[PDB]
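I have placed the structure first, in the form of structure tokens, so that the comments after it can refer back to it.
Just so it is clear, A, B, C, D, E, F, G, H, I and J label the chains in written order, and each chain counts residues from 1 on its own.
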Amino acid sequence: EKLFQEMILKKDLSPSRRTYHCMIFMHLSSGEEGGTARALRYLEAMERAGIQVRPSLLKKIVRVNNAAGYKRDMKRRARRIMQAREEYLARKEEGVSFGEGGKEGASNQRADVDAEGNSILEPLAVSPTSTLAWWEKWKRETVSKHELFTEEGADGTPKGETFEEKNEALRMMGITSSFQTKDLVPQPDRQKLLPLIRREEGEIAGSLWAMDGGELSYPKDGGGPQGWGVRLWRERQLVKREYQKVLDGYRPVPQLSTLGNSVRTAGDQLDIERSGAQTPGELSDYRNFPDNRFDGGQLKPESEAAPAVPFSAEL
Amino acid sequence: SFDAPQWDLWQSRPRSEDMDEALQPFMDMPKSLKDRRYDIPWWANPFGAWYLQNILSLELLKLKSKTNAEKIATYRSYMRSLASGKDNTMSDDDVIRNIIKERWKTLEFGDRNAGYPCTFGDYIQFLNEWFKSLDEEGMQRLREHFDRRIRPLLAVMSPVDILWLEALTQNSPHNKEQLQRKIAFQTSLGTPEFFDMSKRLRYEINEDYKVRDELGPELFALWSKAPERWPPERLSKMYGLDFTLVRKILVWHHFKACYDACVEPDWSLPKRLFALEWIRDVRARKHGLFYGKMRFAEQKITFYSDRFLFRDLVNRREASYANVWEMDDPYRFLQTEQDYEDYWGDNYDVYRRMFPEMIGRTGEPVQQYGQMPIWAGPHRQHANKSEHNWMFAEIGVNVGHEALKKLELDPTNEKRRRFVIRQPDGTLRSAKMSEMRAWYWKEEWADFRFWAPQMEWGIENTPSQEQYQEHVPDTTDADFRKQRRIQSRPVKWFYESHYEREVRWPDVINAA
Amino acid sequence: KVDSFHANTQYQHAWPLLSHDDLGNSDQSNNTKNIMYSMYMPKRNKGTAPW
Amino acid sequence: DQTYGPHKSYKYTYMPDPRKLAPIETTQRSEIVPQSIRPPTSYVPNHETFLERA
Amino acid sequence: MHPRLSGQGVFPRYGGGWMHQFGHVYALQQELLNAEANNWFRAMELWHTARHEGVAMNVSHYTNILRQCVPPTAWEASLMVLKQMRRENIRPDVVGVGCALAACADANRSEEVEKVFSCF
Amino acid sequence: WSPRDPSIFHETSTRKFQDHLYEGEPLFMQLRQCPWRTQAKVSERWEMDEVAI
Amino acid sequence: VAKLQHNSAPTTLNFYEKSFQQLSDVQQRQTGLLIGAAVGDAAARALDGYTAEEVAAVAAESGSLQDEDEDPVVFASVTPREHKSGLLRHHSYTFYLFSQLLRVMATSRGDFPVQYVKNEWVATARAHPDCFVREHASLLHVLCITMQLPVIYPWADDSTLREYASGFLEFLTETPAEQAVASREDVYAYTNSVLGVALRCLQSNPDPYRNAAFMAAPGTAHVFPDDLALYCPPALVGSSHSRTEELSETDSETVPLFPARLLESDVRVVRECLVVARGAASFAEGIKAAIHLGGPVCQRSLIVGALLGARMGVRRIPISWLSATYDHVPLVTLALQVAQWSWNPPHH
Amino acid sequence: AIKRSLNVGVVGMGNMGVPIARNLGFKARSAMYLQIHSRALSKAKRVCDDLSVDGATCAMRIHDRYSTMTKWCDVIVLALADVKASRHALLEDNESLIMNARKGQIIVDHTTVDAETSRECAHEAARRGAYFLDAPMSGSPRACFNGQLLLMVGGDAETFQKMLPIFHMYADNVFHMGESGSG
Amino acid sequence: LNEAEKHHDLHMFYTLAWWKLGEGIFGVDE
Amino acid sequence: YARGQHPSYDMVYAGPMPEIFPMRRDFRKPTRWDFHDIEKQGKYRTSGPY
């Protein structure tokens, strides 16, 4: 904004449409209060100075505001987080939680005695080796939500968006994370064969989402067009389309599977098990370069091979 | 005085005999052979004896017994004496994994006395009585093992390949010689380069199960400790899976923790994570007819048709949430856990259908009116008490217009539409908010985004007093406001008018 | 015996969460594949539909 | 063991209106106002005399 | 003892326009942005009730707070505002920091003017 | 009034306590009257205030 | 969570139990100053006029509690002495003029002049002359009446509130004679300081007792506690010259009749009520500490019951105490009409 | 130690068991988790289907084996046809309810049996640590629909006081006859 | 009416010799 | 205020879904407690978003 008003006022330059779009989308993408109130000021400055207002600009304004709703909600939730932190630091110093920890109402009115004195039905206690018992024990015994982070983020947001703050908060809750950084994330958008199977026929897993054994998607046992044979045939046709994509060079060559190795020629199985080749390209390098391997038939890495560069590249 | 013995896979729990058969050839088996079967331990089966002899013992070798160390030493010496160059130095888990693998692949089905460990029918009996000994958690893990490993191999292999595998199971020279005569059996066998897609399919299915079972409890802990610090949209942005997938993971994990502990599940959790989806999608469906979906709720004019409607939409979206949860400011009126269980439990479809826009409450406070005096006295005091509630609503020229509906139900309006409800005990009370809205046309939409305390007020939204002074409201030019103020104030001074004269306190003569 | 005959020939199980339409539609951000069906209905109705 | 219905995440699989499950309370008129019976007077000593006078 | 603008044609269209459930929100925002308010002690107290009621406050609310602190030269109040605007990452305008610089200049707080100027 | 009865499931039926929400009514309770206390040989009524609440 | 329906369990414990959920957070503090003063005045009614030793004798003679019974000090079963006139057997004479001012405030739909309530108040004092001469022009009785004035507009400052209240403070200290009070301005200044305390309570102010001491009336340090008395502004030297004009008459035999109780005797009661209402953990425990002090105990629990109810709202009030109040059927209805009409007055 | 609802199961959908299950499904408003057992799963599906379409106030759950019926329920109520089916479901089966009873369960038998069957059932339930009440019912299925059944509960009196809110959902005249075998 | 299947063809696939091809499927995954 | 109908454009439809097969032409019910029965009868044009 400083360089914008220095361009406008001092150097007397008329700004272009793109640098008006930049000041619109910067205030729109920022989740602070009054960002759209200044983006509409930039829209008014575009309108009354003859700058063209395109419909693509309006659609991008709606899309960018709907996308920056997340940043707006985070910057609004951080205010209530700070209020709850201040109230927690006050009430743990005054000592109201020490008076509220004693369950005098549960001691006078017991779990088996109602208000009049009759005996009431109590549910039986669950097994402590269950998952729900450990979850409520982890809810009760761990640290509070207000003791996790003292300060908030650098730009208006609560801490915990990054993975270092997430891992530190998990350490304060007594949980060692199996996924420290983003390269140990399974990333289901990288799947190519599995959404293609899910789109046409249906879910190939079925029992991925099953609560009590009735939400499973499997073919019927009677046969016919709904049976297992037609579904496995159509899945094999989709895998055949993917394999035809592999053969024409659109997809990379898959690695050696145990089903593929167990059907192969036994000498090829011997060469794979003595070479340690994962891809059949490594097996082709093992066969077509016999001087590359070790003395136990083991395959040497890529960095230990140097091909002959011809002098005709010096033309 | 009875101790319940702990049951596991080593000594299975005894079950009933009226159980259905899991395998297909046992369902049509005659019952005389069903009564012929003896209740024996699980290792008394020859396949079970084989699995305990060579597979389970080698897995029991992982512990710190002395016989485990001696068997590890003699196994290392054995496979070093097989060939030195292939397995020069590896750990004991590797050598027992290798011997477990080699003993798994060398399994055949023949006669027990002919040198083979068990028959095919003994293996089918082991599978049948193993599947009978599973509960729903064991059946779930069995189906998960089917999805992870056997399902990609079945998706890749041809039916002639599984016919060849069935001929390898039965191990009969007659059936193998009969199948070897077929040209279509030999030529249509699968190729390994097509079979290598099973590794990628297995990796994708195990990647989805790693999303579910390994990323699941971490998301559950982060959302269950501080949901205002880690909402589902923050988790979906920082892990990059999806929004609905993260919410499905949370719902599935809580329902899995409830179902596996024999606890009734918290039904309010899909109402809390899919609140907009519960209002939009979940309908009562009848049997013999098909339904549709409304694209929009109202026939309206678009906001791209004018610049002022566009600015109003942008200013409303800035004053709105993107996703509202149970902890936000529109749900801050739920100060009691009883109100929390009342709103999200069993009446959420009624509580959300009260008012379309989200407000700081759900309805209106109920107040009661005074009964006019009945000059007959106690002769007619019984007549107002009845059996049912008697609801009376106003109509007329001023009253009954739906276009001014939120103006006619406004408690800050002096010309509000008057409702009364006589209770069966004779009490005259006002109507509730749904009771006042039931007398109009149905309004079956809901706003899940806009929250009015988030409206901008400092830059462009500045209501001026000079704009309200442009109407020039004066008390000297119109006396209706002062007349309504006179109609509002009490008229008790008219009786003590003669008792400028101003009203003073009563002067006492006893204390003076 | 008079209740053993009257089965659930009237109702059906409800719509699950994130369900699709009977015509195949779904509430996505992209409604190009979804269609409207107001033009297939009869033009005038004697009375008022529940929708 | 299975929950009823294919959904298994809903409390009611058919999903009725929640006003259907709301209870209905009742109060007889005998709780409001009683019904008394006058004794036969000297003008109508019997019930057949009451029918003949009417 | 009344809200100065009650409703029925005073409030903008996008907010619905006099939603009576938020009648206190419309009355609180006019006390926050009252240009004729000169009591700085009420302006700190009016920020604490907008903090409790969930009222979203932009830079124009804090600029009205910093404006009222300059005639009494309440230099301590002008630094607790800029600490809070930094805490919520609400960037102050140039007129708003001009009030906090003038609140500390007239109170002979020379070392505190130099660090507010160095921040912006 | 069960909605699996086809005479109650029909849309023009008076065996419901509403119009457009659902069909039938699940297990409502009403109170009759028993005017047979005068058939007893000795019938008295004792007026006493409530003490159980 | 839900239990089996047994022993004919009621759905709601009060008529207005779920109607308090249908109020805003400021409207729960607007009605908390009204309903919380009605609950507090009704709880300390049976021990009105008791000394501190006689209140402790009530709690000592009844030592049987099954933990469902409450404190026997609150809603005591002791026999009253004058035992009463007609309506005053459940609330004090100070609450009768409080309930008449609330009834005018609900029907006036906002702010209203003092002339609307002048004929309502003089009809009560004409009916109860014994309770009028005991409590007229005293600091406790005047402050309990004008306590409910910031319910009309809680976001107003102290300059607007003291201007509106000054029309009400003059008639409550006016008598039809030339022997009016010992000091007109000292009853005004002490009342305007405690009205700042309730104004900060409806505004949800952090430490409302401290911030009301800074913006208090000058010379009102004795009504605040000792730790907050350093924050109060000192009295003006021009106001001290008016104190010498009261000593310039030198008439010790000519004591004014109104008020019956001394002014400095009333400052200690409001100072003790501000100490109790400051460190009160809940609405019930703060009232029980207020009736244990004794003396003018209906006006004690009207100060504490209003200030605590304005802090934690009507939902923190125990609903069994509201169901035991005699006039809880009209007054909560009148309190809902004030909180609804406070944000849109029809006149302006 | 989870604050939850009471898991109440009804074993046997016969002449009188299905109106007992329907009264427990109607008159228990979100206060219990209802389990319904039958030998054939189609009958339990039919009873839960009729309870769902008629409109019930609790969530229901079908069972076909006694093991899950044992491990799920806090209270078990049996309404069977003859003494032989009750002796099979309680004592003679391998997965029977009293022989595999958990610590603190309560099993009520509404099927009219002999004295020695009830004696051995109460003895084995006290041996396992659970509680057994024998409460033979008197009435018609139409009287079971109206909630007017006659119950003669034998067993513990504190267990009787616990089970009175469940007994008052399908029976009006419920008496506590004393020790086990009196009813 | 209609009977929801228990999917008994899930168990017919386990009758095959997946240890011969998958090289120890029935154990834990490596 | 004289522009548009409602500023929301986020109206989640909460009513019953339309029925596409079989399409019922007339919806005439003899009702007891319907006070809009005059407006709910008569031929109206069924054209909307749907």
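Methods note: contacts are C-beta pairs under 8 Å (C-beta built on N, C-alpha and C of every residue); 3 or more make two chains touch, one makes a residue touch a chain.
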item	value
For chain D, the least number of touch steps when starting out from chain B	1
Chains touching both chain I and chain J	B
For chain J, the least number of touch steps when starting out from chain G	2
Inter-chain pair with the most contacting C-beta pairs	A-B
Rounded Å distance, chain B centre to chain F centre (Cα mean)	38
Approximate Å spacing (C-alpha centroids) for the pair chain E, chain G	33
Approximate Å spacing (C-alpha centroids) for the pair chain B, chain G	50
Length of the line joining the C-alpha centres of chain F and chain H, rounded to whole Å	28
Sites on chain D at which at least two other chains make contact	1-3, 5-17, 19-21, 27-28
Touching two or more other chains - residue numbers and ranges from chain I	4, 8-10, 20-23
Chain H residues counted as touching two or more neighbouring chains	2, 4-7, 29-30, 49-50, 53, 55-56, 59, 65, 68, 72, 102, 165-166
Touching residues on chain B, where the partner in the complex is chain H	1-2, 4, 13-19, 135-136, 262-264, 267, 345-346
Interface residues, chain B side, partner chain I - complex	22-24, 27, 55, 97, 100-101, 104-105, 107, 123-124, 127, 131, 142-143, 146, 148-150, 153-154, 162, 165-166, 168-169, 206
Residue ranges of chain J in contact with chain E within the complex	1, 3-4, 7
Residue ranges of chain J in contact with chain B within the complex	3-22, 35-36, 39, 48-50
Residues on chain E engaged by chain A in the complex (per definition of touch)	51-52, 54, 56-60, 87-91
